[PDB]
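Okay, so we've got the same protein chain twice, two forms, each given alone as C-alpha cells, structure 1 and structure 2.
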Structure 1
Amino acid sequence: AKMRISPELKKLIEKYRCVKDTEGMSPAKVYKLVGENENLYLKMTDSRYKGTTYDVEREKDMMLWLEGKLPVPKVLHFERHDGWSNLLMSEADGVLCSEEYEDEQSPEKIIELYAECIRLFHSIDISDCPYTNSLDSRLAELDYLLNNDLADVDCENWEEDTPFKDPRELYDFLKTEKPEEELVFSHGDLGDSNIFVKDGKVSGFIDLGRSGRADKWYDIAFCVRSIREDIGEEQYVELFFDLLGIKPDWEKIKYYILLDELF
C-alpha cells in the first residue's frame, strides 16, 4: 500500500508539471499534467469505492466504450496499483463549458448546449452498453454507500427544496416512488463542469464513472437543476424543453434531482 501510483505511471508523467485539480468534488483525485506537446490528465480513486460508480476503473470502461460514439478522452494508461484505480487520459478538446460562459449574457447558448447533449445522448446505441444504471442498481449502491459511511450526509450542498430530515427518509422515498424507467444512454452527472464546448458545439465529455443505461429523465433533470440555479428565470427552462421538443414530467424531474442528493 504505497498510497498512490506505480513506477511506470510515475515515469510517464515525469516530463509534465503536475497540477492538482481543485474543482472536482468527488472522492477522486484529479491532476492536470501540463506538458510541452500537450496536456494529460490523471484521475484516481481508492479501494473504498471499488465497484461503485465512483471507481475510475468503471469510468475507464465507459471511456473506452464511448470512443467513436461521443467526444471523450483517449484512454492513455490504466492500472490498479495499491488498491487504487488510476487513469491516464488525454485532455478533453475544447473549453470547459463552465469556463466558457462563467460570466456572460449567453443563457441561450447554455440551454442549446444542454439540449444538444441530450439529443446526442439519445442517438447512442446502448445495445452493448457495459453498465446499466437503473434505479434498482442505483438505490442498491446508495444503500451500500450509507451503510459503509461512504456518503457525506452532513456537509453536502443540498437543494433548498429537499424535504427529508435525514438520509433514510430520502432513501425510503426514492425506494417508494421509483418512477417508470425508459433506458437511454445516460451520462450520470451532466453539468457544465464535465462538458466541453468549441465554436459553440459540444466537444467533449468527462467524469464517466456513472455513465451507462438509465432513464431519459435523469440527464434531463440534471440540466433543469443547473438551469434553474445558474440563470434564474422560469422562462429559460421552458426554452430548454422547446429545444428538446418535449413536455416536462415534473414528478420525474424532482425524483432524479433528489436521487443525486446523497451522491
Structure 2
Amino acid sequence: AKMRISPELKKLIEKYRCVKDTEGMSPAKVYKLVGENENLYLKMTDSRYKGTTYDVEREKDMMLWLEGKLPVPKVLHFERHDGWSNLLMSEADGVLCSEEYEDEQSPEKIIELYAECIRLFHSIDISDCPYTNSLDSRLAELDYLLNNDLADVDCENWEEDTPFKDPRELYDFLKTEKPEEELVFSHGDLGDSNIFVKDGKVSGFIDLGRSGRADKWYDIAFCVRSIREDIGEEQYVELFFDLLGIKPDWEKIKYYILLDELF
C-alpha cells in the first residue's frame, strides 16, 4: 500500500542488496544497491525540498543534461512518488577523491585535481543549461529554508566566535553584500566526497542538485575551503591559483564560503 518507492522501482531494485550510506550531511537519502553484476545508487528527497537545490529531481535534470559533457552517473530511473523524488543511477567510475588521498598525502595531486575541475567546467557550454543558480535564486531559496526551519543544522553557528548572531543576520549580509556575477557551469558543492579520480584524472562527478549556471568564484572558493581544511598548508592555495593562472579575489571567495554556511 503506502510506500516511498513505486512498485515499478521496487521491481527494478529487487535483485539488489541494500546498504544505507553512512555519512549524513544532507536531507537526501542515499542507498548503495549491491548486485551480482554491478552496484546502483538510489537517492531520495522528501516533499519539503521540492524546487530547492537539494531536490533530487533537479539533480536528475542536471545529471541528464551533463551526459556527454562531464563524466557523471547514468540515470536509470526517476520518479515522483507520494511526495518523494527518487533517483536510481549507475555507480560513478573511478576512486572517490577522499579515498585516493586519505592518509597517503599527495598535496600537489589534489590541487591539480581541483584545478582540472575548474578548467573542465569553464569549457562547458551553458547556452541550454536547465538551471540558473544566480545569487538571487540561491537567496530566495535560503529565505524559504530559513522560514521553514530547513536550513543546515546549526552546530557551529552556536559558538560565541560566530561573526553573525543568527542565520537571518548572515542572510541579510549575503543579501546586501551580493557581488556581481559571471555565469559559468558550476558544480555547486565541489569537494572530496563528490569527485572521483582514475589514473590521476577526474573520472566522475556526483551530488548534482546544486549544479547549473553560477559565478565562477563559487566553485573556486569551495576548492580553497577544501584545500585549507583537508590538506592544511596555505602554500597549496597558492599553487592552486598558480595552476589556474589567475589572482584570487578574496572578497568574492569569502562571500561564497559564507553563502554555504547555511546549506
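Only residues modelled in both forms are compared. Along the sequence of structure 1, residues get numbers from 1 upward. For the two forms, the rigid core is made up of the largest set of C-alpha atoms that agree within 1.5 Å on superposition.
S.K.: Only one of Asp125, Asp161, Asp93, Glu182 crosses a C-alpha shift of 2 angstroms between structures 1 and 2, counting 2 angstroms or more, core aligned. Which residue?
M.R.: Between the two forms, the residue that moves is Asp161.
S.K.: Core-aligned, is the CA shift for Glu108 between structures 1 and 2 2 angstroms or more?
M.R.: No: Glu108 shifts by under 2 Å between structures 1 and 2.
S.K.: Look at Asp82 and decide if its Cα position differs by 2 Å or more between structures 1 and 2 after superposing on the rigid core.
M.R.: Moves: no, less than 2 Å.
S.K.: Quick check on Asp143: with the core superposed, does its CA move 2 angstroms or more between structures 1 and 2?
M.R.: The answer is no; the displacement is under 2 Å.
S.K.: Let me know the CA shift of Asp230 between structures 1 and 2 in Å, rounded to one decimal, core fitted.
M.R.: Displacement of the alpha carbon, after core fit: 1.0 Å.
S.K.: How many Å does the Cα of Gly212 travel between structures 1 and 2 when the structures are matched on their rigid core?
M.R.: Its C-alpha position differs by 0.4 Å.
S.K.: Cα of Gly24: shift between structures 1 and 2 in Å, core-fitted?
M.R.: Its C-alpha moves by 4.3 Å once the cores are overlaid.
S.K.: After fitting on the rigid core, list every run of 3 or more consecutive residues where each C-alpha shifts 2 Å or more between structures 1 and 2, in sequence order.
M.R.: Residues 1-3, 152-162 form the shifted runs.
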